[PDB]
Protein chains: 2
Amino acid sequence: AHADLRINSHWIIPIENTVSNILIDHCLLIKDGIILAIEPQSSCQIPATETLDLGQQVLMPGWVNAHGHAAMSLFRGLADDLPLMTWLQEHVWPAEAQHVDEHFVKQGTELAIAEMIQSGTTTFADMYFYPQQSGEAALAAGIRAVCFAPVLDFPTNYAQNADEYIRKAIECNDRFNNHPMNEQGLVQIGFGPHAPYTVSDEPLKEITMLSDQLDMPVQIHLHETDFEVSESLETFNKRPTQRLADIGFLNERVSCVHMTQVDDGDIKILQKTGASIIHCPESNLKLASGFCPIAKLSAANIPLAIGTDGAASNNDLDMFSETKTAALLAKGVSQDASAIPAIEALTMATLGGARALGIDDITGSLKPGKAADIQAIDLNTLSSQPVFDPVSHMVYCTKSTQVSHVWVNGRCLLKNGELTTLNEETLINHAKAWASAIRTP
Amino acid sequence: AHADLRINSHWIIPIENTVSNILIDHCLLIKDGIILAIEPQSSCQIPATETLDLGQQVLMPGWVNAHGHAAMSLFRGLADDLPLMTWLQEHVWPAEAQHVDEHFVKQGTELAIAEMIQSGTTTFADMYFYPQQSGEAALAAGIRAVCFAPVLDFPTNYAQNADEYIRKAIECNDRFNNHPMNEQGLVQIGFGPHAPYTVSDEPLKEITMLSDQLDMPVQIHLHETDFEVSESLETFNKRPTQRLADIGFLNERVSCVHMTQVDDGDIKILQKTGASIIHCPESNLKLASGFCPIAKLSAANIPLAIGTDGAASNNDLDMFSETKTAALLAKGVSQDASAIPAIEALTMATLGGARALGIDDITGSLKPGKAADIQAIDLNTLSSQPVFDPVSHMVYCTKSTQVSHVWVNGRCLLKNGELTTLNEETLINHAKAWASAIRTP
Ligand SMILES: [Ca+2]
Ligand SMILES: [Ca+2]
Ligand SMILES: [Ca+2]
Ligand SMILES: [Ca+2]
């Protein structure tokens, strides 16, 4: 048959229309990992090799988790309820210096990926050590990934200095351009300078040039805390946004994480440079970083996305919960019950992330021609019934465990709630082994 | 055997110690619905008729959902993303006037109860029409309930005026004191005056007298919105807290819901009168009501509890998610990452609710002599591994679907994730029937 797979579902939320936000009794037709068409089930005349009848479920794009540190799944809830400073100095940094190597990153990324697939995520962004390990795990699992190879001014086990961080990013990009398993381009490598206060101007400019030459996305923290903004004003006499804008670092391919400290000048700079904002509400709350004013940013037409951050400051990788927090918090922050309606929250969590990571041409919404990165959510459960508008249900009363199926590039990674490329029992054993090693070395 | 049931579990979080917040390899012994003892498994010499081996699970008190409207499960996500005023006038109130009767409340409460049990809740507070229907559903399900019979100044189908609302509350209390199925006292009736701006001084004073004479708890909204506080200042020249204090309405048996508008005078009044505060973070965010400063309230030793509110402004009844929101939001609001640590969030969500509803003598913590209201949470799942401190995991990375077992008064209401006194498929059919009736009458 022309189509590999036909999926029938009562509801489809395409995110991009091709003027209601939802389609009733349509089907998706997929071929070679690509969406061929979305059409009414009754009218459809495209035969399919295989057909799946989902019934009372919602099909929508898989989530794009636009900021994370996948391998830190192995530090899940390592040290909760402590100030950023104690958390970092007495727990996270020693644990990183002692435990994080290629094996840690491999097993941690596998664990994260399995959690993410089970909660409907089809693309993750990763900013962490040993990105080749992370990228390789993504390849074996079949999940789409953007690994923002870290760049820092300071030495770690992974690299001694900015130039070495950059070298390894270039090497990793080259390795994935040429990897036998990566012909489909599921894994992209980018540059992940941590933050303006940990990376100097020179490496940042190198990143800009290299990012352009090698077609790589860039991610950086921006205005995460009042402290970082004050520090920048003391040291550079500029807000970080201004510093980055003045050296030409900010542009469309850059995503700026957090942005809890926002003034009108920041917004103008963001509008000018075309950069995206990645919202991480739960992590911002948990660490007391502040309140990203996504309502205000949205009204200013700033591109917005959503990330969970890492499992040591969340502590899960559940985009259903993160998107719900984003939609609820925004109404409180803006004092406006109509701010960030459900369709907008879903859009941030899918197409917004795709745009932020530079991959919206291929994924992030259900449009003919885009990749078949799809999640199916089963609504026939007590906590989801009755349903009046499935779009708002997705955001306000859906558990991630309702995800029944997941496809990436048209490949089934989750079938009736069960992982198809990862072994849950094995991953859990490895997690427990690492916990013991971390707990009592 | 002396004990009816022995439950073995790797972790027990008793909430009240009898100085670590958790017990390793202990067991719970239950007899006649009562906790006989909590002892090390190895040392235990109390035989039991039946023994359950749970392994890597946490036993803790079932949640006390201290404010809700159970039957509004049938309005789940009725009209999302609208301002309080449109929400009420164009959606909720017409739907209530048209659909809410004894049959609505029966089937809605059953649906809510099933959702709540599946997410580990063992006591719910309800403030809604036809409390006898709600109470009767609680009795048949086996869940503990406090039904705060509504009192209002204005006419509804349920009652024409304050005196009639009060009459029906008295009748309902009497009916449950004498109900053949209620000998164990699972169901308590209370008074639920909606808010200072919908109930006059006279009925409020009657409630105080009757509450005392009949040993009934009282629940009221207090300082939910800036509008209500301003309105009270115009009309009475007092903050609502002051109005209620001056007529002697506030006392230990009263729970005050929301409290997003707080000044130092409010706190003093609350400290003086001994009343409890019920925190409903997601509903407050969703409707843009404001930010209850639970960190500040906690530091002032004000008794605190947690509620989900109703399914039209949440939109689920999941106390795992609500407690996590409470713990996270509080750090952001107070700008203090150490504020409302996990053990304190759990305590609010269990013992805090018990105290608020006047039932802490019998439930809310795992102490010898208290009721066996218990939930078991399975940690052997991908998203919960690894685990370093189960207490903080409960709050920061646990899904409600991890609840494997639930007991109320030592009766199993949920066995391996399956309801034992309610039929899930039936409830869902009824929910869909009501949705159709509500959607297209
Ligand atoms: Ca981060
Ligand atoms: Ca989370
Ligand atoms: Ca309410
Ligand atoms: Ca909720």
Side-chain angles (χ1 to χ4, degrees), chain A residues 65-73 75-77 80 84 87-88 92 115-116 119 121 124-128 148 150 192-195 198 219-222 224-225 255-259 278-287 289 306-329 383-384 392-393 395-400, chain B residues 65 68 73 76-77 80 115-116 119 121 280-286 306-329 383-384 392-393 395-400:
Chain A
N65 182 342
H67 174 79
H69 312 280
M72 297 188 83
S73 63
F75 297 145
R76 191 186 317 274
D80 297 313
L84 175 65
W87 184 66
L88 290 176
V92 171
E115 177 181 354
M116 290 190 285
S119 48
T121 291
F124 75 102
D126 197 14
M127 174 195 290
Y128 211 56
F148 293 102
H194 169 255
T198 54
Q219 182 167 98
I220 190 166
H221 288 198
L222 198 54
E224 187 186 3
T225 63
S255 55
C256 304
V257 189
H258 301 301
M259 271 288 327
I278 297 160
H279 183 40
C280 298
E282 296 189 5
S283 183
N284 295 346
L285 294 177
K286 200 170 191 301
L287 297 169
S289 305
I306 293 174
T308 56
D309 219 341
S313 69
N314 188 302
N315 291 336
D316 57 52
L317 302 180
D318 186 340
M319 288 288 290
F320 278 91
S321 174
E322 200 75 28
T323 303
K324 179 266 295 120
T325 301
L328 292 185
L329 184 58
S383 60
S384 288
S392 51
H393 259 43
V395 175
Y396 304 123
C397 56
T398 297
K399 306 186 193 307
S400 68
Chain B
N65 182 342
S73 63
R76 191 186 317 274
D80 297 313
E115 177 181 354
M116 290 190 285
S119 48
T121 291
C280 298
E282 296 189 5
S283 183
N284 295 346
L285 294 177
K286 200 170 191 301
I306 292 174
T308 56
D309 219 341
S313 69
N314 188 302
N315 291 336
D316 57 52
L317 302 180
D318 186 340
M319 288 288 290
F320 278 91
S321 174
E322 200 75 28
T323 303
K324 179 266 295 120
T325 301
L328 292 185
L329 184 58
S383 60
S384 288
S392 51
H393 259 43
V395 175
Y396 304 123
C397 56
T398 297
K399 306 186 193 307
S400 68

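Chain identifiers are assigned alphabetically (A, B, ...) following the order of the sequence lines, protein sequences preceding nucleic acid strands; residue numbering begins at 1 within each chain. Atoms within each ligand, like the ligands themselves, are counted from 1 in listed order.
The Ca ion (ligand 1) lies under 3.0 Å from an N, O or S atom belonging to A:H69. Residue side and main chain included, A:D316 places an N/O/S atom under 3.0 Å of the Ca ion (ligand 2). Among the backbone and side-chain atoms of A:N314, an N, O or S atom lies under 3.0 Å from the Ca ion (ligand 2). For residue A:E282, an N/O/S atom approaches the Ca ion (ligand 2) to within less than 3.0 Å.
A side-chain N or O of B:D318 and one of B:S400 form a donor-acceptor pair less than 3.5 Å apart. For the 3.5 Å distance criterion, the side chains of B:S383 and A:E115 fail to qualify, holding no donor opposite an acceptor.
For the Ca ion (ligand 1), the nearest N, O or S atom contributed by A:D309 is named OD1. Among the heteroatoms counted here (N, O or S) of A:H67, NE2 is the one nearest to the Ca ion (ligand 1).
Between A:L328 and A:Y396, the shortest heavy-atom contact is CD2-CE2, 3.9 Å.
Relative orientation of the A:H194 and A:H221 rings is tilted, given thresholds of 30° and 60° on the angle between their planes.
The only member of B:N315, B:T308, B:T325 that meets side chain to side chain donor-acceptor pair (under 3.5 Å) when paired with B:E282 is B:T325.
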